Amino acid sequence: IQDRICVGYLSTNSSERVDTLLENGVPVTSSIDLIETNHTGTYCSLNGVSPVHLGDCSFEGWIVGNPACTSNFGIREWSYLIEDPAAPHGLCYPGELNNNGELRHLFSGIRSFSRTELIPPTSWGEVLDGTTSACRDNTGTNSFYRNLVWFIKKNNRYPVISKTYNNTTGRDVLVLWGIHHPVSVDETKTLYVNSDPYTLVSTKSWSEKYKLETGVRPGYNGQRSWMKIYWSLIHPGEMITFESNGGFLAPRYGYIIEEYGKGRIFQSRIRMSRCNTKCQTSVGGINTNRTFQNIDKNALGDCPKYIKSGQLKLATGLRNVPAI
């Protein structure tokens, strides 16, 4: 016969298949996966920043300083929060945190955090500090929230106390105060002497006046009265003044915050770890250069986009058609 030369293409031993718009399950020589399906299954640090586990405490009890909770005094920052949905500790004394939804959102993740003493606990005047069997500390001693001071009568007299805070930090500052509503007018007399006491809280943009709402609540622990805890973000250069003659949980510790609301409160019951990823889900940490993921719609950080899809194979090679 004669000399001959032929043009051809690659064939391999592959079961690799892709779908095209015009055809299903087309054999190809090579392909890649677009969707990330692998994760750590743990809580990791997010881009170099460790989260904060709330232990046995709810966010509410943690943020007001429940003595049974681990203190947040040493915290500098957090990428996200880890909370047990059935946490035993919260507001140890029967009460509610006002507007806690917003606060949760703002404290989901903060890049700059530091507790600070707004007003000296003894600079208020002639009042005593109240502790309770409802808020015992790590020891067993009667105590109270770290961030608040329960002012009561001293020497059978409750004077009109008034202190103010000046935001000089240059950043936003979270302030907490509270109102105690006794079981009866008899108890507010026993605790604060003054009949029908009030608390007036004001900035230069708003002013709130609180009065007592006496009654018996179906409480927990030992008590049957009710506390309402409020909060406000004080902006740089702003000032907030507190004046009261009873039933007043005074501010002591506040928080200096910058770059906040950048996180998430995960309630997932997975384990914390030494790993570090750029994307954290409620199911595990993700570390991939892929831009899609079908693992968990609940994700935070520099993540691949979550999509509702099975694996997607991008063809790189050619149609794998077998040898003549």
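One rule holds for the numbers: they count along the sequence shown, beginning at 1.
Out of 136-144 and 208-216, which one has CA B-factors that are higher on average in the deposited record?
Result: 136-144.
Out of 270-278 and 284-292, which stretch has the higher average CA B-factor listed in the record?
If you average the C-alpha B-factors of 270-278 and of 284-292, the larger mean comes out for 270-278.
Among 90, 251, 130, 101, where is the Cα B factor highest in this entry?
Answer for 90, 251, 130, 101: 130, with the highest C-alpha B-factor.
Using only the C-alpha B-factors in the record, can you name which of 85, 247, 237, 109 has the highest?
Answer, based on the entry's C-alpha B-factors: 237.
Sorting the chain's CA B-factors, does residue 31 end up in the lowest, middle or highest third?
It belongs to the middle third of the chain when residues are ordered by C-alpha B-factor.
Going by what the PDB entry lists, where does residue 233 fall on CA B-factor within its chain: lowest, middle or highest third?
Answer is lowest: the recorded C-alpha B-factor places it there.
Compared with the other modelled residues in the chain, in which third is the CA B-factor of residue 105?
Bottom third by C-alpha B-factor.
Select lowest, middle or highest to describe the third in which the CA B-factor of residue 79 falls within its chain in this entry.
As the PDB entry reports it, the C-alpha B-factor of residue 79 lands in the lowest third of its chain.
Quick check for you: using the entry's CA B-factors within this chain, is residue 185 in the lowest, middle or highest third?
As the PDB entry reports it, the C-alpha B-factor of residue 185 lands in the highest third of its chain.
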